[PDB]
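Quick notes on the structure that follows.
Only this structure's heavy atoms are used, side chains among them; waters, hydrogens and symmetry mates stay out. So that the names make sense, note that chain A is the first sequence line, chain B the second, and so on, each numbered from 1.
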Amino acid sequence: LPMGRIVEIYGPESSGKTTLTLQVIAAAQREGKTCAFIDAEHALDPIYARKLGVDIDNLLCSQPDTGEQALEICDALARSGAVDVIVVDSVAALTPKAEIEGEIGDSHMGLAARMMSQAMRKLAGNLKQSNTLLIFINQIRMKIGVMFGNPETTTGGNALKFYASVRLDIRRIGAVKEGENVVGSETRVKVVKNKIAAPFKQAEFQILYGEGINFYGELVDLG
Amino acid sequence: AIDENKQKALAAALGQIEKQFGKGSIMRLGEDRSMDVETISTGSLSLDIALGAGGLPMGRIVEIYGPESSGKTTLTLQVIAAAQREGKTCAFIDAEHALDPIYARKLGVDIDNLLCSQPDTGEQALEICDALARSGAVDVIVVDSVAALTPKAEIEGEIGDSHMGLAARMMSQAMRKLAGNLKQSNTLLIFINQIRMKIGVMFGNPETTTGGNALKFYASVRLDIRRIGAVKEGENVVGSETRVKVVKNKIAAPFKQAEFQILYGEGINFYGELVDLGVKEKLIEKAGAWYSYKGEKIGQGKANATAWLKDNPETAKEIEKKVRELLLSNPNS
DNA sequence: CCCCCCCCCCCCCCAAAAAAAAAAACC
Ligand SMILES: Nc1ncnc2c1ncn2[C@@H]1O[C@H](COP(=O)(O)OP(=O)(O)OP(O)(O)=S)[C@@H](O)[C@H]1O
Ligand SMILES: Nc1ncnc2c1ncn2[C@@H]1O[C@H](COP(=O)(O)OP(=O)(O)OP(O)(O)=S)[C@@H](O)[C@H]1O
Ligand SMILES: [Mg+2]
Ligand SMILES: [Mg+2]
């Protein structure tokens, strides 16, 4: 993944999006880089992070109250020059302040799409100067009515597609069984956008529960 | 040389973030006690083992779905009953308009301390959840059927009127608003869901839940509950043989399952579970259809063995003690 | 030496969001 750029990882539920970003962080911490996790979903387990090989005691974490606060912390850490990797767990959970203060049922037309459009403009330059990698996790939603293309969308509007240097679609394609006990997931990652090399290549690997990505399984298949 | 300049730039930024947003706005994960996972009993011991962490996680969203009369309301009331015995405050949002208070009392709910609401719209239901979550005074909230969370436009409208993705949009908005409030207050929110059929679909299972795709992502646990048979006292059907599959889990490993009995007017058979786990862990010897504890013939048939454990509280304390100490994979404190 | 007098004119949009639901025997 390229430094000083934006990356998007999206897919369906329990496809391995958080597991993947923690293995990126882990690998980066082993090369003496500082990392941060903005956990907008409010759903990170520190014990599981430790099992995938993350140094918990040096990982900066924030559970921000609004989407604006989450993206202001990203810009603050980008300008510092001190943080190398930032993960924002789910664009979907970046709630505008007006929507938080408002009632359930209240309309806020394109307010999240606007926030994300504004955030990208501000961040793209700050990340390049600092040589900081920002990773956005996204959830899938369904487009309905008269559809031009596939009905799978991502959340938070159309800015992030343009600004992203890499976009990864991750999917769970089956189970890994020790006879009867389901012990992990067979995973597929498609490269749907790439600006630093040719796109549409794919990767197949196993995520084993409590260990992470099975390195030796990949080495067999590549051998 | 650069190490020091980076550590000063970091310290300064951490200072500026904490000034701008508040004290615990950012910190190291290893020294954030807020983000430790705390759990509550489900009222079932086989389900507490299947969940890996010994129960349902506080500050998170849980989904329980399944077919008609599978035990979705019974299971959620046993959760509340167990939470109330630990001196917690619970709330039931009854969107289905179908809760019997006498039956809740028989499952062991203290109904004089259970907050209940039968809301008119889905928007009112979810605004009460956000009001109780912000208060910091309610520990467990149950919302009975997502399917009955009707938007106000649909209530005001006619039958036959189309409201494209209106409920899915309300559920997307509610998840965004609630996730953070629940984590701050350390409140458990449980959604019950119904099943429907997808039609025109590929070779995947045609079974779906209601209210769109948001809740699948935001849930830390998802439980599929199913009636797999009957429990008979000779001829009289006296209860249900139940299976719970853990279909999503972010606090431990998923795809474990639990089997237990629901007995009509009692709830989940705790001693029936304690037999089956005492057997599996070599603390009870089942020679054919004769259950034995350390040579002593406790009974013949699972019902007689369960009846024996009922009238010996010391033997049941002892077997529970061991099974708990052995089988829980991720104990918290 | 002696003493001030008077206002004039606008400029530019920004952004998506979300599913719902079975129907039916054939010899
Ligand atoms: N704490 C854990 N212990 C064991 N297995 C886990 C844990 N957390 C996640 N997993 C499993 O690892 C697989 C991938 O999980 P994640 O990395 O959380 O995926 P994800 O796409 O972030 O899913 P979400 O956020 O819940 S939609 C799933 O099958 C999980 O059940
Ligand atoms: N008041 C009651 N008295 C005796 N048995 C009951 C009572 N209410 C429910 N049951 C039984 O307990 C079993 C599980 O019921 P529930 O927990 O109500 O299931 P459920 O999935 O909520 O079903 P719904 O809401 O009606 S689709 C069923 O066999 C019921 O008939
Ligand atoms: Mg995740
Ligand atoms: Mg019910």
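Regarding nucleotide C:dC12, the torsion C1'-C2'-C3'-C4' is greater than zero, so its sugar is described as north. Using the sign of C1'-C2'-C3'-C4' as the criterion, C:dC8 falls on the south side of the pucker cycle. Pucker assignment for C:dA15 gives north. The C1'-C2'-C3'-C4' angle has a positive sign. A south sugar is assigned to C:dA19: the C1'-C2'-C3'-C4' torsion is negative, on the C2'-endo side.
Atom-to-atom, CD1 of A:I140 to P of C:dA18 comes out at 14 Å; the value is rounded to the nearest Å. One interatomic measurement links the two molecules: CD of A:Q139 to P of C:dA19, which rounds to 11 Å at whole-angstrom precision. If you take CE of A:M147 and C1' of C:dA19, they are 12 Å apart, rounded to a whole angstrom. In this structure, NZ of B:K216 is placed 14 Å from P of C:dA18, rounded to the nearest angstrom. We find that CG of A:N138 is positioned 11 Å from P of C:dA18, with the value rounded to whole Å. Per the geometry, CE belonging to B:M170 stands 15 Å off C1' belonging to C:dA17, to the nearest Å. Atom NZ in B:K198 sits about 18 Å away from atom P in C:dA23, given to the nearest Å. Atom-to-atom, CD of B:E207 to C1' of C:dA22 comes out at 14 Å; the value is rounded to the nearest Å.
When the rule of centres under 5.5 Å and planes under 30° is applied to the neighbouring bases of C:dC5 and C:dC6, their six-membered rings qualify as stacked. Bases of consecutive nucleotides C:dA17 and C:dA18 are stacked, their six-membered rings being centred less than 5.5 Å apart at a plane angle below 30°. Under a stacking criterion requiring six-membered ring centres under 5.5 Å apart and planes under 30°, the adjacent bases C:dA23 and C:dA24 are classed as stacked.
Around atom CE of A:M109, no more than 12 heavy atoms belonging to other residues, nucleotides or ligands sit under 6.0 Å away. At most 12 non-hydrogen atoms from other residues, nucleotides or ligands lie less than 6.0 angstrom from NZ of A:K177.
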Please write out each protein N/O paired with an N/O of nucleotides 11-15 of chain C under 3.5 Å, distance rounded to 0.1 Å.
from, atom 1, to, atom 2, distance (Å)
C:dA15, OP1, A:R121, NH2, 2.5
C:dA15, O5', A:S117, OG, 3.4
C:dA15, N3, A:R114, NH1, 3.4

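Note on B:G200: nothing from the nucleic acid sits closer than 4.0 angstrom, heavy atoms only.
Side-chain contact of B:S172 with A:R141: a donor-acceptor pair under 3.5 Å is present, judged by distance alone. One side chain, A:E41 or A:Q139, offers a donor N or O that lies under 3.5 Å from an acceptor on the other. Using a 3.5 Å distance cut-off with no hydrogens or angles, the side chains of A:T18 and A:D89 do pair a donor with an acceptor.
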For residues 65-72 of chain B, run the donor-acceptor check on the side chains, cut-off 3.5 Å, and write out each pair with its distance to 0.1 Å, sequence neighbours left out.
from, atom 1, to, atom 2, distance (Å)
B:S70, OG, B:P67, O, 2.7
B:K72, NZ, B:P67, O, 2.9

What pairs of donor and acceptor atoms, side-chain ones from residues 149-156 of chain B against any protein atom, are under 3.5 angstrom apart with sequence neighbours left out?
from, atom 1, to, atom 2, distance (Å)
B:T150, OG1, B:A148, O, 3.4
B:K152, NZ, B:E156, OE2, 2.8

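With sequence neighbours left out, A:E72 forms a side-chain contact (heavy atoms from CB on, under 4.5 Å) with A:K122, B:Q20, B:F21. Evaluation of the side-chain contact (heavy atoms from CB on, under 4.5 Å) rule for A:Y209 yields A:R172, A:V182, A:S185, B:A253, B:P254, B:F255 as partners, not counting sequence neighbours.
Of the residues in residues 217-224 of chain B, not one places a heavy atom less than 4.0 Å from an atom of DNA chain C.
For B:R222 and B:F191, the positive end is not near the middle of the six-membered ring at less than 6.0 Å and at most 45° from its axis.
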